[PDB]
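Visitor: One structure, as C-alpha cells, below. Some questions next.
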Ligand SMILES: *[C@@H]1O[C@H](CO)[C@@H](O[C@@H]2O[C@H](CO)[C@@H](O[C@@H]3O[C@H](CO[C@H]4O[C@H](CO)[C@@H](O)[C@H](O)[C@@H]4O)[C@@H](O)[C@H](O[C@H]4O[C@H](CO)[C@@H](O)[C@H](O)[C@@H]4O)[C@@H]3O)[C@H](O)[C@H]2NC(C)=O)[C@H](O)[C@H]1NC(C)=O
Ligand SMILES: *[C@@H]1O[C@H](CO)[C@@H](O[C@@H]2O[C@H](CO)[C@@H](O[C@@H]3O[C@H](CO)[C@@H](O)[C@H](O)[C@@H]3O)[C@H](O)[C@H]2NC(C)=O)[C@H](O)[C@H]1NC(C)=O
Ligand SMILES: *[C@@H]1O[C@H](CO)[C@@H](O[C@@H]2O[C@H](CO)[C@@H](O)[C@H](O)[C@H]2NC(C)=O)[C@H](O)[C@H]1NC(C)=O
Ligand SMILES: *[C@@H]1O[C@H](CO)[C@@H](O)[C@H](O)[C@H]1NC(C)=O
Ligand SMILES: *[C@@H]1O[C@H](CO)[C@@H](O)[C@H](O)[C@H]1NC(C)=O
Ligand SMILES: *[C@@H]1O[C@H](CO)[C@@H](O)[C@H](O)[C@H]1NC(C)=O
Ligand SMILES: *[C@@H]1O[C@H](CO)[C@@H](O)[C@H](O)[C@H]1NC(C)=O
Ligand SMILES: *[C@@H]1O[C@H](CO)[C@@H](O)[C@H](O)[C@H]1NC(C)=O
Ligand SMILES: *[C@@H]1O[C@H](CO)[C@@H](O)[C@H](O)[C@H]1NC(C)=O
C-alpha cells in the first residue's frame, strides 16, 4: 500500500479535510 | 540559532499602462485656412479626448510661446474638464495687448 | 482576520502606505504613518496573546 | 488662445504616457493603471471575463493582472524572502559552521 | 410635431413580483469559487415592480413619466423592437441639460444637448406593401437643440421592424445608475418563451457603458415605436396601433448581499441579508448551508 499506514490510519487521514506565503507570513 | 533575515530587492524596473488611439485633432485649428475676424472670434470646445500638448511646443516653430499659469513643462500631467480655443488674426504689434 | 485587519484606515485618510508617502509631504504625513503604526501594532499584540 | 477650466464635473482631457516594456521572472516593481506593487510577473492559464481587469483571492490580495496593450493574464507572486540561521558544533570543539 | 394624440383606454396601475432578479457585478474584480459580501445599491428580493402595457386589443399603449429616486431596473419583454430608447432629465424644457439615450433607426445616438422636448414624444414608422421597408416617418421627440457638451454615434445597423403576433421570445434587462458625476449602464439579453410575468431564474447583469456626463437626473421617461399603417385611417393624432409590448419598472435601495462566484468568475447565486432570519443567518455564517443549532 502507499506509505505504511494501516487501513484505519488511512481512513482517518482521508476523513480530515484541510494560508500560504504572504506579506510577512511563514510556516 | 537564528541570526537575521534576507530579502530579495527589486531591480528598479517598472511596468506599463498605456495605448492612446483617440488623439485630439488640434491640427483642425492650427492648420485651418481662414481663422476668423477679431470680433467674430470662435469658441471651439474640446472634451472627451486625449491631447498631446508636449508635441505642440517641444518641437515646433510657433513663436511667442507665453503660456500663462502652469509651467509649459509638467503640463501633460495635469488634467482638465473642458478646453475652449479662440482663434483670430490681428496686427503684428497687437500681440502684446492680449495679456492679463 | 489578522491578514484582513491590514487594510483599515485606523483614523488615517488612506489605508495604503505609498499613497500617504507620495501625495502629501513628510512633515505632515508623519502623523498618518504613526496612526497606521499604532493600529497595526495593537492588532499584532492581540493576535500573539 | 486656450482656456483651461475646472468645476464639479469629471475631467476628460489630458495625456499620459508610460509605454514601458515589461519583464517577466524578475523581482520587479510594477505599476499598472492605478494599482502598484512589487513581485515577479509570470504568465498564467487563468481565464478572465472580457470586462474584468485584475483578479483577486481570499483576504483580498491582488493575484493577477491584465495589461492594457496586449490583453494578457499575468500572475503575481511575492518576491522571495526568509530567515537565515547558523549551525555550529560548539565553539570549543571546532570553528567551522554551516548556514541554512 | 407634438401631435398630442389621445384615445387610450384608461386603466388602473398593475403590479407584479420580481423573484431574485437584478444582480450585477459591482466592480471589475475577478474571483474564483469564493463567496463575497457586498454593500451597495440593489433591487430587494421579492419586490413589487410596476408593469406597463401596450396592446391594441382598446388602443392601450402605456408610457407615462416616472421618478428617478436612486436607480432604475428596466425590463423589456417584446419581440419586435417596439421599445426604442429612454429620456432623462430634471425639467425637460430646454432650460436644463438632458440625456437622450435612443436606439434610433440607424445608430444608437447618445446626446447631452438641451432639447425642447414634446410633451408627448415618441417614434414610429409607416407601413405599406409597395416599399417593403417600414420607413421611419416620425422624429417627434423634441423641437430644438441649442448647445451641447457631449455626443456619440455608433456603427450603422438596421432592425427587423416587423410586428409579428407570436409570443415573446426576448427579454432585455437594464440597470441604470448615476452617481459621483458618472452614469453607468448594465445590460443583458435572454431568450424566453412566455405569455405573462417574469420567468423565475438567475441571470447576472454585466457592465455595459460608463459615461462622464455629470448632470442632475430626477425625472425619467421611455420612448417606444408606433407602426402606423393605412389600415388605421385618420390624422396624426388618431391613426395608429400599438402592436404588442410591455415593460417592467422596479427601484433600487441600499442593501447588503452575498454573491457566489463560480470557478470561471461568473455569478450563479445570491442571498439577501435582510429578507428572512434564515437569510441573515446565512449571511452571518458566510455559507449557503447551515447545520442544526442556534
Ligand atoms: C499642419 O500640417 C503640416 C503639414 O503636414 C504639419 O507639419 C508636419 O508635422 C509632422 C509632425 O510630426 C512632421 O512629421 C515629421 O516629419 C519628419 C521629416 O523630417 C523632418 O524632420 C527632421 C528632424 O527630425 C528634419 O531634419 C527634416 O529636414 C524634416 O524637417 C519625420 O522624420 C518625423 O518622423 C520622425 O519621428 C517619428 C516618431 O515616431 C519616427 O517614427 C520617424 O522614424 C522619424 O524619426 C515626423 O514624422 C512633418 O514633417 C511636418 N511637415 C509635413 C510636410 O508633413 C503640421 O504638424 C500640421 N499642424 C498640426 C498642428 O498638426
Ligand atoms: C493598443 O492595442 C492594440 C490592440 O490591443 C495593439 O495593436 C496590436 O499590436 C500587436 C503588436 O503590436 C499586433 O500583434 C500582431 O498581430 C498579427 C495579426 O496577424 C500577428 O500575426 C503578429 O504575430 C502580432 O501578434 C496586433 O495585431 C495589434 N492589434 C490589431 C487589432 O491589429 C496596439 O499595438 C496597442 N498600442 C497602440 C499604441 O496602439
Ligand atoms: C399638448 O397639450 C399640452 C397640454 O394640454 C400643451 O401644453 C400647453 O402648452 C401651452 C403653449 O402652447 C402652454 O401655455 C401651457 O401652459 C401648456 N400646458 C397646458 C396644460 O395647457 C401643448 O402645447 C400641446 N401641444 C400641442 C402640439 O398641441
Ligand atoms: C567542549 O564542549 C563539549 C560540549 O559539552 C564537551 O563535550 C567537551 O568535553 C568540551 N571540551 C573541552 C576541551 O572543553
Ligand atoms: C405587493 O403588491 C401586492 C398587490 O398590490 C400586495 O398584496 C403586497 O402586499 C405588496 N407587497 C409585497 C411585498 O408583496
Ligand atoms: C416608396 O419610397 C419612395 C421614395 O423612394 C416614395 O416616393 C414612395 O411614395 C414610397 N411608396 C410608398 C407606397 O410609400
Ligand atoms: C448654452 O447657451 C446659453 C445661452 O444661449 C448659455 O447660457 C449656456 O451656458 C450654454 N450652455 C452650454 C452647455 O453651452
Ligand atoms: C444638482 O443638484 C445639487 C443638489 O444640491 C445642486 O447643488 C447642483 O447645483 C445641481 N446641479 C445642477 C446642474 O443643477
Ligand atoms: C469554465 O470554462 C471552461 C473553459 O474555459 C469550461 O471547460 C468549464 O466547463 C467552465 N466551467 C464550468 C463550471 O462549466
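Note that chain D is numbered according to Swiss-Prot, with residues 512-611 shown in order.
Cβ atoms are placed via backbone N, Cα and C, with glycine included.
The disulfide bond annotation in Swiss-Prot covers D:538-D:590 and is backed by experimental evidence. Taken from Swiss-Prot, the feature N-linked glycosylation site applies to D:603, supported by experimental evidence. Under the heading region 'Disordered', Swiss-Prot lists D:519-541, citing a curator's inference as support.
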Visitor: How big is the gap, in Å, between the Cα of residue D:603 (N-linked glycosylation site) and that of residue D:538 (disulfide bond), rounded to a whole number?
Guide: 42
Visitor: Just counting, how many other CB atoms are there within 10 A of the CB of residue D:603 (N-linked glycosylation site)?
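Guide: Its Cβ shell of radius 10 Å holds 6 other Cβ atoms.
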Visitor: Tell me the residue counts in helix, strand and coil for the region 'Disordered' (D:519-541), as DSSP assigns them.
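Guide: Counts, helix then strand then coil: 0 helix, 4 strand, 19 coil.
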